[PDB]
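Just the one chain here, the form deposited in one PDB entry, laid out as structure tokens.
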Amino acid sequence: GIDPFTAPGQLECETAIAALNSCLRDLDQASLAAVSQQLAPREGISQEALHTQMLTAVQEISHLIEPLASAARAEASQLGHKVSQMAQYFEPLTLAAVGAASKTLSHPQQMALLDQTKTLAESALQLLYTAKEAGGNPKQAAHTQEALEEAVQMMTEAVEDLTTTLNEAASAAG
């Protein structure tokens, strides 16, 4: 949580990066454990509720992704607020995805949303990474301007992607 740049948000992004990085490892180990029956069935949720929890989070993530993109490039004092929101939704997503991983023995939908959550988490990680650089400061982030764009679009891509598996998982995993 250090500011090597010159703005608010640099802190929030790096602190969230630490948390988001942790969920990446959790998800990555989930896919490894679930593929070897080394994972326990969810944390504390049912099958259709997974579709509920994950989808509800993803939507609100995407909801904040756009305002965060705007914030990361300029809104320094606002960026931190977006980061707080983005990071918090990814936690249940991780939990829920790891849940679906070990719990869903229906179809590849299990591994699909497990991986997609991780993909979206990596998308958000790349997002928080670029947001930490550019946060409120377009100057020391000239090339970061480009990557911040790739990241924001990377999220919305994985957003639709995970959402597909989740929404179908109603009958595809239920």
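All residue numbers are counted from 1 along the displayed sequence.
Although it is not shown, the form deposited with a partner chain bound is what the next lines describe.
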query	finding
In the deposited bound form, the one of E66, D28, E60, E48 near its partner chain [non-hydrogen atom within 4.5 angstroms]	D28
Per-stretch contact check against its partner chain in the deposited bound form, the hit in 119-127, 49-57, 66-74, 135-143 (non-hydrogen atom, 4.5 angstroms)	119-127
Exercise: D161 in contact with its partner chain in the deposited bound form, heavy atom 4.5 Å	yes
Exercise: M154 in contact with its partner chain in the deposited bound form, heavy atom 4.5 Å	yes
Touches its partner chain in the deposited bound form: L32 (any heavy atom, 4.5 Å)	yes
